[PDB]
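Worksheet: one structure, shown below.
Numbers here simply count residues along the sequence, with the first being 1. Atoms within a ligand are numbered from 1 in the order they appear, just like the ligands themselves. Quick note: numbers below take in every heavy atom, side chains included, and nothing from hydrogens, waters or symmetry partners.
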Amino acid sequence: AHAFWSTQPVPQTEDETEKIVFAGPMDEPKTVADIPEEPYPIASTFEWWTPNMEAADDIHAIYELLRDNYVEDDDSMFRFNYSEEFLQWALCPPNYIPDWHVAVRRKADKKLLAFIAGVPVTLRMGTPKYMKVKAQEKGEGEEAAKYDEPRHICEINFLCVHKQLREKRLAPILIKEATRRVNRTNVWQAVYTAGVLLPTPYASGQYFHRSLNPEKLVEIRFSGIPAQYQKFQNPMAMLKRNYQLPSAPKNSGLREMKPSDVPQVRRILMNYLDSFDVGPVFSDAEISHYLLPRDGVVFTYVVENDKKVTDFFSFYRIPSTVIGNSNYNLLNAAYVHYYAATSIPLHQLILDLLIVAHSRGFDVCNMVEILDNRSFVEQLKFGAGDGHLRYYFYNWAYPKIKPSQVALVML
Ligand SMILES: CCCCCCCCCCCCCC(=O)SCCNC(=O)CCNC(=O)[C@H](O)C(C)(C)COP(=O)(O)OP(=O)(O)OC[C@H]1O[C@@H](n2cnc3c(N)ncnc32)[C@H](O)[C@@H]1OP(=O)(O)O
Ligand SMILES: CCN1CCC(N(C)c2nc(N(C)CCC#N)c3sccc3n2)CC1
Ligand SMILES: CCN1CCC(N(C)c2nc(N(C)CCC#N)c3sccc3n2)CC1
Ligand SMILES: [Mg+2]
């Protein structure tokens, strides 16, 4: 059933994941010296290429591949259109390893045929709370705690094969080469997410959407008009009213994040994230990189009253190409990123996210039910979509956890 995934150090069935009680590696210990020094073999008509993610033109080439060939819905209505600026942000965080970004090109014209990207993340991925308790009850605390220390691992994203090369077993080759490059740097685990079900997620969450421009969302068939709106003389007018938001933020002291806020934002974020079983650890440089405002890419606001930062939220932009509509060709989506609330309820913090995103011309706000995202779904009028995000580890046995015990946002 899985000619590639059956050969890999991942849990092979749901049952297996159901049985795991302690975090830890799946494969035997290996050294960098054990890993092939030469690139994985590839057909003579292709070549491995390491793009330079800082160089505008190489980012452009990757941008074009993804624009035309990255994830689309099953009805081929929307395809992600991550921007060049977003891709430089996502793929070159502090201390990134250039060699972890892997492409295939056709040797003749050098047309870009495939890509996958790894970036460093420092992740807490030891045994979850519910399982450390079972371990205490059984006299097995030492085993349960062995891997408690945050680990420096690889986060994988942006796997893409050109549509003309689909179903040719190229993705397994790209994954093997990426694994080799990561292993040659003495890293042995990865974390990744996908919409599709593969062997085997340690957590799964539904996507939620909050309409900001319902007229446009209905026009492009992102949204339908719920049946009960047909009871109205003007179904669309009622839908627009339903989703109306204030034109200015409500929280006293909300303002954009600035560099001097990095230590305070790191503090309150780290205190909050600590409470979840799986979550990242960020340095000041990583807080700066992932949270300071960048035009068109990431938007971050703090609540400062009386000279202290007590709360913050962030969102990022991923537009999608709208493929077959007469009136629009772009969907402008805002995605809930990290946040932390200490002075106000989370719903009150995130309402100002929606207000700001709507003011800035976003059409929808998206999120997965990770973190405490479920705590403001109903009041703030999010609805569940039909999609899910599944969370996976490579070479890491991990108990099944609920998505509200995951604190890692994946771009
Ligand atoms: C220690 C370091 C480790 C580093 C590596 C960690 C692992 C990272 C793993 C990657 C995490 C990526 C996270 C993201 O970016 S998820 C986003 C993935 N990208 C897209 O969906 C974009 C549009 N689609 C495509 O570009 C292609 O259809 C892709 C490239 C997805 C597959 O190309 P293609 O359609 O031409 O197929 P093939 O003949 O070459 O290969 C078929 C094999 O591929 C398995 N497959 C299909 N979809 C996925 C998928 N999303 N993750 C993992 N495996 C996938 C499939 O089950 C089959 O294996 P098996 O069922 O036969 O066994
Ligand atoms: C069946 C009803 N649908 C189908 C479309 C669904 N949406 C918005 C959606 N939208 C997608 N894209 C690319 C736009 C995401 C946004 N915003 C993708 S990419 C893979 C699945 C998928 N699904 C949700 C509503
Ligand atoms: C591989 C990592 N990511 C993480 C984010 C994924 N995104 C942005 C995403 N993915 C969606 N789905 C349904 C998962 C698609 C995939 N893979 C949806 S439905 C509405 C917005 C939306 N957005 C694209 C794939
Ligand atoms: Mg292929």
Should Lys163 and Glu72 be marked as a salt bridge (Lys or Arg N to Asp or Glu O under 4.0 Å) after you check the CA-CA gap, both sets of side-chain angles, and the distance that decides it?
CA-CA 12 Å; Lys163 285 177 179 216; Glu72 66 185 70; 2.9 Å; yes
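- Looking only at protein heavy atoms, the nearest one to atom 19 (S) of ligand 3 is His209 CE1, 3.8 Å.
- Of the protein's heavy atoms, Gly195 N, 3.2 Å lies nearest to atom 17 (N) of ligand 3.
- Shown are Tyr301, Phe299, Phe376; of these, the ring pair (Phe, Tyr, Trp, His ring centres under 6.0 Å) with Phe313 is made only by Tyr301.
- Contacts with ligand 3 closer than 4.0 Å are made by no heavy atom of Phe78, backbone or side chain.
- Residue contacts with ligand 3, taken as heavy atom pairs separated by less than 4.0 Å, involve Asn157 solely via side-chain atoms from C-beta onward.
- Separation of the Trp396 and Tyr147 ring centroids falls under the 6.0 Å cut-off.
- In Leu411, the part holding a heavy atom less than 4.0 Å from any atom of ligand 3 is the backbone.
- Under 4.0 angstrom from ligand 2, there are no non-hydrogen atoms of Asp75.
- Distances from atom 6 (C) of ligand 2 to the heavy atoms of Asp73, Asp386, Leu217 put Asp386 nearest.
- Counting the atoms of ligand 3 from 1 in the order shown, those under 4.0 Å from a heavy atom of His388 are 14 (C).
- Between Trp188 and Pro25 there is no side-chain heavy-atom pair separated by less than 4.5 Å.
- Annotation for ligand 3: atoms under 4.0 Å from non-hydrogen atoms of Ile318 are 8 (C).
- Each salt bridge (charged side-chain N to carboxylate O under 4.0 Å, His left out) pair with one or both residues in residues 82-107, not counting sequence neighbours, appears once here: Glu47-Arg105, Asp99-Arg181, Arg106-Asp109.
- Each of the atoms 16 (C), 17 (N) of ligand 2 lies under 4.0 Å from some heavy atom of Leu331.
- Checking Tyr272, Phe276, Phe282 one by one against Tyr338, the ring pair (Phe, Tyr, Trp, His ring centres under 6.0 Å) holds for a single residue, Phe282.
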List the steps, then state whether side-chain hydrogen bond (donor to acceptor under 3.5 Å, both in side chains) holds for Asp277 with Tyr130.
CA-CA 9 Å; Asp277 289 324; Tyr130 85 98; over 6 Å; no
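- Between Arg180 and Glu177 there is a salt bridge, since at least one side-chain N of the basic residue sits less than 4.0 Å from a carboxylate O of the acidic one.
- Annotation: the span from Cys365 atom SG to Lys381 atom NZ amounts to 15.0 Å, rounded to 0.5 Å.
- Counting the atoms of ligand 2 from 1 in the order shown, those under 4.0 Å from a heavy atom of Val71 are 13 (C), 19 (S), 20 (C).
- Listed by atom number, the atoms of ligand 2 under 4.0 Å from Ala333 heavy atoms are 17 (N).
- At a 3.5 angstrom cut-off on N or O pairs, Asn366 counts as close to ligand 2.
- The proximity of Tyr335 to ligand 3, defined as any non-hydrogen pair under 4.0 Å, is limited to the side chain.
- Residue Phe80 touches ligand 3 through its side chain alone, judged by heavy-atom distances below 4.0 Å.
- Closer than 4.0 Å to atom 3 (N) of ligand 2 lies at least one heavy atom of the protein.
- Neither the backbone nor the side chain of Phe208 comes within contact range of ligand 3; no heavy atom lies under 4.0 Å.
- No close placement of the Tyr192 and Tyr394 rings is indicated, their centers lying 6.0 Å or farther apart.
- Of the candidates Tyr63, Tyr316, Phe158, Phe158 is the only one forming a ring pair (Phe, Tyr, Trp, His ring centres under 6.0 Å) with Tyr82.
- The single protein non-hydrogen atom nearest to atom 14 (C) of ligand 2 is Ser320 OG, 3.3 Å, given as residue, atom name and distance.
- Residue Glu72 touches ligand 2 through its backbone alone, judged by heavy-atom distances below 4.0 Å.
- The protein non-hydrogen atom at the shortest distance from atom 8 (C) of ligand 2 is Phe222 CE1, 3.3 Å.
- Among protein heavy atoms, atom 5 (C) of ligand 3 sits closest to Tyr207 OH, 3.6 Å.
- Every atom of ligand 3 is numbered from 1 in the order shown, and the set under 4.0 Å from a heavy atom of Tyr70 is 1 (C).
- For CZ of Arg241, the number of neighbouring non-hydrogen atoms (other residues, nucleotides, ligands) closer than 6.0 Å is 12 at most.
- Using a 4.0 Å cut-off between a side-chain N of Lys or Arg and a carboxylate O of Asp or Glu, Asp73 and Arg221 do not qualify as a salt bridge.
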